Amino acid sequence: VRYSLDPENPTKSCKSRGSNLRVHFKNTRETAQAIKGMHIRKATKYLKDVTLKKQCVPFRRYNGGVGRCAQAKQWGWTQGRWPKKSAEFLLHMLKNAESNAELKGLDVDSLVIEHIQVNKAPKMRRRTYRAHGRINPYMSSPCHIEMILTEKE
Amino acid sequence: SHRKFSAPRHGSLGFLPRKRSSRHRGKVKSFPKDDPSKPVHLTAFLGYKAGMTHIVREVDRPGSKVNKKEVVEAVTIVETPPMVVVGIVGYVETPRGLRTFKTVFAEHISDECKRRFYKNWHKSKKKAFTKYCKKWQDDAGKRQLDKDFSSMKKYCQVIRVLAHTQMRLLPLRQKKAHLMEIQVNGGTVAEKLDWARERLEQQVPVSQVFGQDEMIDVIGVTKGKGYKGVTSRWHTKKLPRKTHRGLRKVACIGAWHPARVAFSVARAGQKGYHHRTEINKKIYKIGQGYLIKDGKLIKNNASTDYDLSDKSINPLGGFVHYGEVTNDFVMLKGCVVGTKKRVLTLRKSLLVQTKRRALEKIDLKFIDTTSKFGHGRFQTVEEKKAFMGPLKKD
Amino acid sequence: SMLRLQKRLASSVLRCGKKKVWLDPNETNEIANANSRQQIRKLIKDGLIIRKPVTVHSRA
RNA sequence: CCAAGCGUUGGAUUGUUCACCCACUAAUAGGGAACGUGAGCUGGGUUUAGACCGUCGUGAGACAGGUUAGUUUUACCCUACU
RNA sequence: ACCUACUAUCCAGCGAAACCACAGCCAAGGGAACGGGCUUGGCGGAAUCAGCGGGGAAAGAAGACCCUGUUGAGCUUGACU
RNA sequence: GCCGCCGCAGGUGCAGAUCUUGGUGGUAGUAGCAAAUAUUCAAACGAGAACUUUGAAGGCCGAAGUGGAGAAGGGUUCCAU
RNA sequence: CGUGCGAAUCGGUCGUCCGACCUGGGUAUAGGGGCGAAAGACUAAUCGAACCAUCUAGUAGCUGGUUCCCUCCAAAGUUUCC
RNA sequence: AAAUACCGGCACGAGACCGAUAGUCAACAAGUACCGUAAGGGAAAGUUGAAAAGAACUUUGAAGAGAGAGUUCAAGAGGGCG
């Protein structure tokens, strides 16, 4: 299918895509904007050290009441967190992207993640019980993802 | 409609921005006013809160019922290693205030003082004042320098000095020595600056700033206490036991209309660690440190004239949560701000002091050393052995 | 690897509480294909699955 | 007269607003703030449904005539203040 | 005053509601006579974590009190049939 | 699959009705997963062990039982792959 | 607790406890009707007249709403009788 | 006996009608899913393409999810798909 952008030139550049992923849309969108301006082997590294709490993700848009921490000044900010399932997901996705560079015949060490986007997806309903005999909803907020990498020394 | 019976109110409405102080060392907000009549001296100094104990004295004040009788008054112990100047600093008089004019430093600045310029001494090449000193022994840095000492000699009117403490000599964990401006009050700025230079790199002891039975003022930071409630912070009435959502409160915030809520009214929030300036604390004795001579070491600080035993102010088991006190000290009547181990800026008074409770000369008859860590009964270790006999260890 | 079952048929031959049964750890492979009462009546004879002795309440 | 800088309290009977008495005191001046103030409290009074009298009506019923018992909901949004 | 238990607080995983013209710093003035928006003055410096319960004539229910309606029902007798 | 001109015909034009039906926001990654004491160390199955399985420790129910079996009612939820 | 665990619970303290005691099954009483040691109580979360369908789109001097443009003229709250 | 009546039944033929929130409650396993002890109450829900030609082989992954091959005029028609 198509991606929110092309690749600038198709010969030097690889894709990967994620349909209906059971993660939080927002936590994902926030971790997918730190990752953005980094090399692959800075990225892989930065997403083990989120998982192991030595480097936080900045909560910039979606910061309703979100805490404050010591590893966020690093991002000149004050709010931030350590979303672990969001990482363990888009640390799968890489493996696929990485795994399409050699099946063209390209340099896996020069692949600069250009494109990476995060979209809302169809909600999954389940239900939950509140006083005076009533029933609210209790719904799921999944997502799709995409990304596009490109070779540069 | 009105308040049925009256009261007074809850707390002081000058002191009210009850925030955690911007600085950890007490700032001197205001030194005295000089008169060119009297000779040069420093004003301020630096100690550390190390303790508290009794005294006993025989009092003279004719009139009262404690005349020639023997009270006990309480005291604090402030430990004062003699301070080390490293520079001077000039200020000029203006119509927007008091602009700081020119600054200079000594050739040799210690490493507890090269520790005061860094956030991290572990990784840093210790390169502060490396290119600077250089000037002090080349023939093109004796002239530029004394161009400028001859510029303060004209333009500047206020003159100050700068002194680093000595944390090689205290029993604390830390090693970062405090730099602190101090005003030099005295003769015309010519003299004021003949004296300063001459003292770069020297030591200045507490014998020289302060004297016995003086009235000093005591500046520092409070013992801190946490985000605390309205009942602890402001000292209101509790509420009565029937109340649906709590009784350590104010029950009426404000009226209906001037429909805001006013900075006058009492609220939750941070309790303590403010800055603060108490006054008129007396000086009952200036101590002497542990000087060695002729083999033996001499350690009679606490030796009053009325019991001459061998003891120093140090108590059995040491002072608690602090250390042992070797370095020369001052003995303040009354209590002072801050925890133990916390740094206590001194000062003369602004206010020229004549009453009777000022001019009261003091000599003592007892100084306490019975261990404070427990509930003590013994004044000195040897005296114990003599009371108790030999134990199952001997 | 999984013996809610072999612990059941045990406690129905030893005529006791499942509490009292003892299923030798080491030989968890020899006891987790048994799976039918005869093949447990063996392993009781053999000394893998054993009864524990009754907890003392001293009347002393 | 200038002066509202600083205060103007503890108890008995009463649901009190009001009243009156004891005692201490420099003095126990008066008022506003939606008759300041219930998502601050208390519900003791009035002002639902049960019950009893004391006047009125043949009666269902009625009382500024008195009585007993009667469930006080929400804050996570903006501001304000800390 | 101080202590203990559980929350509150901070982190991973899961994750609902009521409510919402547009919104949200004050004086006084007029005005359907008690303005967040108008007029005259004072002023206005990203984004936010914990609390509080002054203000939104806060939310919650087409006032249960009173009056009207040529709208009713439960009770009672000398109202009429 | 559709439109202009002359004439006919009507279930013919929305901002609103605490209007009908369907879909989506701000609030918000916030309120919150707090009643009846309590767990920890080793192994073995596995792509994944704070929670499942075995073995060892420390605990609770304490025969008016968190034990053993029935009647109404449920209707296969029983048992192994 | 009061957007609860509960459309009436839970906790400590409480009333009775060999007698007009306290409970299971089978049975009789049906809506101006039943049953009531009598509060207008109870009659399947409903009671000073239960629930389901129809007559029915019941009637309203009273609330709320009432869909395209330009052009021209533009009022009334006063008089008798209800 | 006839000339009259016929929103139930068995077959038929038309329409200046409505076109999937319309038109019957019902274009489809509807008087069906489900609710009420029972009388009774009662929905939502049409569309790949001309043809299944419904994507062999390779490759990352434990798996869903992917990268390239390929059918079609098109997957910018990929099994709830104009």
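Residues numbered from 1 in each chain as written, not as in the entry; some residues may be left out. Chains lettered and ligands numbered in written order. Part of a larger assembly, values for the part shown. Heavy atoms only, no water.

Method of determination, as given in the entry header: cryo-EM; reported resolution: 3.2 Å.

Student: Just to check I follow, could you spell out the protein's contact with RNA strand F for this structure?
Tutor: Neighbouring RNA strand F are 20 residues, the closest being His24, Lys26 and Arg81 of chain A together with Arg4 and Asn35 of chain C. For RNA strand F, the backbone makes up 86% of the atoms found within 4 Å of the protein, where backbone means sugar plus phosphate. Note that a phosphate oxygen of RNA strand F is positioned 3.0 Å from one of the backbone N or O atoms of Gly64 of chain A. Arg81 of chain A places a polar side-chain atom, nitrogen or oxygen, 2.6 Å from a phosphate oxygen of RNA strand F. (Near = heavy atom within 4 Å. Polar contact = N/O pair within 3.5 Å; in protein donor to acceptor, adjacent residues only side chain to side chain.)

Student: Would you take a moment to explain the pattern of salt bridges for this structure?
Tutor: For side chains of opposite charge, pairing can occur when their charged atoms come near one another. All names here are of chain B. Summed over the entire model, instances satisfying the criterion amount to 19 salt bridges over all chains. Notably, a salt bridge pairs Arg57 with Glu360, separated by 3.4 Å at the nearest N-O pair. A residue pair is termed long-range when its members are at least 10 positions apart, and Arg57 in strand β3 (residues 53-58) and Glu360 in the loop between β16 (343-345) and β17 (364-367) qualify at 303 residues. Here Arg160 and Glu181 are joined by a salt bridge, their closest N and O atoms 3.3 Å apart. (Salt bridge = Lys/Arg side-chain N within 4 Å of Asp/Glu carboxyl O. Helix = DSSP H or I, 4+ residues; strand = E, 2+ residues; numbered from the N terminus.)

Student: Help me out: how do you make sense of the sheet that holds strand β1 (residues 13-21) of chain A in this one?
Tutor: Remark on secondary structure: sheet strands pair via backbone hydrogen bonds, oriented parallel or antiparallel. All names here are of chain A. Spatially, β1-β5-β2 is the arrangement adopted by the three strands of the open sheet, whose pairing is antiparallel. The open sheet is flanked by β1 and β2 (115-120), the only strands paired with a single partner. Pairwise comparison of adjacent strand axes, ignoring direction, gives a mean angle of 10° for this sheet. Taken strand by strand, helix α3 (residues 84-101) contacts β1, β2 and β5 (143-150), and its axis lies near 145° from that of β1. (Pairing = 2+ DSSP bridges. Axes fitted to C-alpha atoms, helices over the stretch in contact; angles between N-to-C directions. Contact = heavy atoms within 4.5 Å.)

Student: Help me understand the nonpolar core in this model?
Tutor: Proteins that are soluble and globular tend to have nonpolar side chains buried together. Ranked by size, the top nonpolar core spans 70 residues in total, and within it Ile182, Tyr322 and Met331 of chain B carry the most contacts. The dominant element in this core, judged by the number of residues it contributes, is strand β6 (residues 83-93) of chain B, at six residues. Setting aside chain neighbours within four positions, we find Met331 of chain B in contact with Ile55, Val75, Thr76, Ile77, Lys282, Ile283, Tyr284, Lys285, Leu364 and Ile367 of chain B. Counting residues in each nonpolar core, the second largest holds 31 residues, with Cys14, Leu91, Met93 and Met147 of chain A among its members. (Core = buried A, V, L, I, M, F, W, Y, C linked by side-chain atoms within 4.5 Å. Buried < 20%, exposed > 50% of the residue type's maximum accessible area, 1.4 Å probe, protein only.)

Student: Can you walk me through the protein's contact with RNA strand G in this structure?
Tutor: Close contacts around RNA strand G come from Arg130, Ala131, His132, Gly133 and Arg134 of chain A together with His244 of chain B, and that covers them all. Counted by atom, the contact set of RNA strand G within 4 Å of the protein is 65% sugar and phosphate. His132 of chain A places a main-chain nitrogen or oxygen 3.5 Å from a phosphate oxygen of RNA strand G. Considering only residue class, the surface near RNA strand G consists of one nonpolar, three polar and two charged. (Nonpolar A, V, L, I, M, F, W, Y, C, P; charged D, E, K, R; others polar.)

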